[PDB]
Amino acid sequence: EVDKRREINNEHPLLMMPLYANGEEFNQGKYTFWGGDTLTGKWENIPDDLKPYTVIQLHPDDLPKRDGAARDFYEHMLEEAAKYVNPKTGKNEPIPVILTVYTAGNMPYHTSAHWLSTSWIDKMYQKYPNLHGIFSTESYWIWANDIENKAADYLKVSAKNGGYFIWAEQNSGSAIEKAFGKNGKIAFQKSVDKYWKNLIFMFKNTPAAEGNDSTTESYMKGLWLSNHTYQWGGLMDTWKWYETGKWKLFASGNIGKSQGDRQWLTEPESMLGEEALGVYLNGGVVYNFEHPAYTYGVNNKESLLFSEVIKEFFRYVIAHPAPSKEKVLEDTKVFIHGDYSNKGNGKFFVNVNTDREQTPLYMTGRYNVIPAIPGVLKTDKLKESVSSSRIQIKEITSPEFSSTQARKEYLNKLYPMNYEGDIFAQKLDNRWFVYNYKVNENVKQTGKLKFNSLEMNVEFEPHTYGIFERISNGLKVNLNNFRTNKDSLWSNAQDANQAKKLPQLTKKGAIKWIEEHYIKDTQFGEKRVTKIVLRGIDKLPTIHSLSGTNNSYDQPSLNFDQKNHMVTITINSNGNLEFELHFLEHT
């Protein structure tokens, strides 16, 4: 094994920072990115605490579809990255880079990435120590005849150089199963047997109308636990709102895939954190997002989605490393072997732990994410683990998985009920993680959680998550319900018919809207109420270390009822928020 160029694990997670080449400006002799970020400026802007855990991911976007264009652009940017000087210290500090080398089946009619040979990639790895990996993303809809062979070569050339091959894919049309050899294309299967320690496999939740979120995430987790990938994660994509035909928040009717550039702006900001929790809580450690202009920002500035949700989430997962592979294995009661494509795809989990066919969220944490691997693979390495002795490894074709009812009846005997209420909650050590799982319905949810004898009841609006940690002197609370008002994008349309017929915002129009109406002059959402009730408290708790998004929260209300040894905490906010409550339990 060649020394790894970086660590990627729970203690060293990875936030990919995408920069998409501007092919129109490339044709005019300029080297630029859509949205106006620059490589140096973007890197400089990344907070210093995050720099060790962030890597610039170049994407060739709409570079011309001709030999040389992607190599030219990439070598230009690799040079810029290599020569970077920290202006505070005057030292050359090469910027870490990942190159997007494969997308859309690398068809010559889809991408300039077609003209990037493995020979060239090897040369780049050898020339640039700061090239830490290469990325394949989104080919499920154009599954090239040689995709598995090409993936084997990407993994091998990465292993040769100590880099990572990162593949983001969704299990549409059995993509993940095929990747590992389902239909007889076994080159990548063979490559993984040798080089899995250099592989990162991620979901890509873009094709949301096909409903493969839960099954793809299950595979990513299972591939990791069974030593078919070094780590896993997800690419979470606001284009899901387009794919599913949604429009104005909470409005009725479906507009189809008709208003793309308005639609990718509309997903509530905090919902990205709800999606990201599914990665974190299940041991994933790699994060990426689209559309970059909304999720990261423009012109070397952080968008509010980035600053108030993603940045704070990613800081959290650095400060509180995700559960290790060993820990997740110890916790796993059921591991599925077999093809979700034969058992209804995402329908497998509907009314088990997801509330509908097309959602990136879960409705209960009772089973967390049940891990699986495709039928083509073997569970030999999983069984060899010292930590897998208490796992029931079950064929997907088992009677226990034959129906919705059967799945719950089986799982419920191995995963006990551990909270009450129709809300998402999952516990890890002394922390309850909670969110309202509604996607586009304006409905509050409630739950009852316990820390031993201490009872905590919560009431959450949609697009709200919280982390509640029992600490020696009370409770640490992190809350995020950040959701700006996107109604302006949908003005002039009083119904779905009218909305479908709006003028197209366009790509350039959406970037301009971000500049003019999101980076500045933001239409913030209204403050909204979260309630937290603690039962089993000695005296009025004290609040400590209150902070959050500027201008986004009223002072929390504490109403202590001595007779009933309980406090009701009322928060009115729209943003991230953190505080501690100090108290003793009543006995």
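Note that residue numbering begins at 1 and tracks the sequence as displayed.
Of the two stretches examined, 169-177 and 185-193, the record assigns the greater average C-alpha temperature factor to 185-193. Comparing 39-47 with 64-72, the stretch with the higher mean C-alpha B-factor in the PDB entry is 39-47. By the numbers in the PDB entry, the CA B factor is greatest at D429 among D429, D487, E269, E148. Out of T238, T332, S136, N353, it is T332 whose C-alpha atom has the highest B-factor in the PDB entry. In the deposited entry, the Cα temperature factor of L265 sits in the bottom third of values across the chain's modelled residues.
Residue-level temperature factors show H59 in the lowest third of its chain, judged at the C-alpha atom. Ranked within its chain, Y437 lands in the lowest third, by CA B factor from the PDB record. Among the modelled residues of the chain, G222 sits in the lowest third by CA temperature factor in this PDB entry. For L414, the recorded CA temperature factor ranks within the highest third of the chain's modelled residues.
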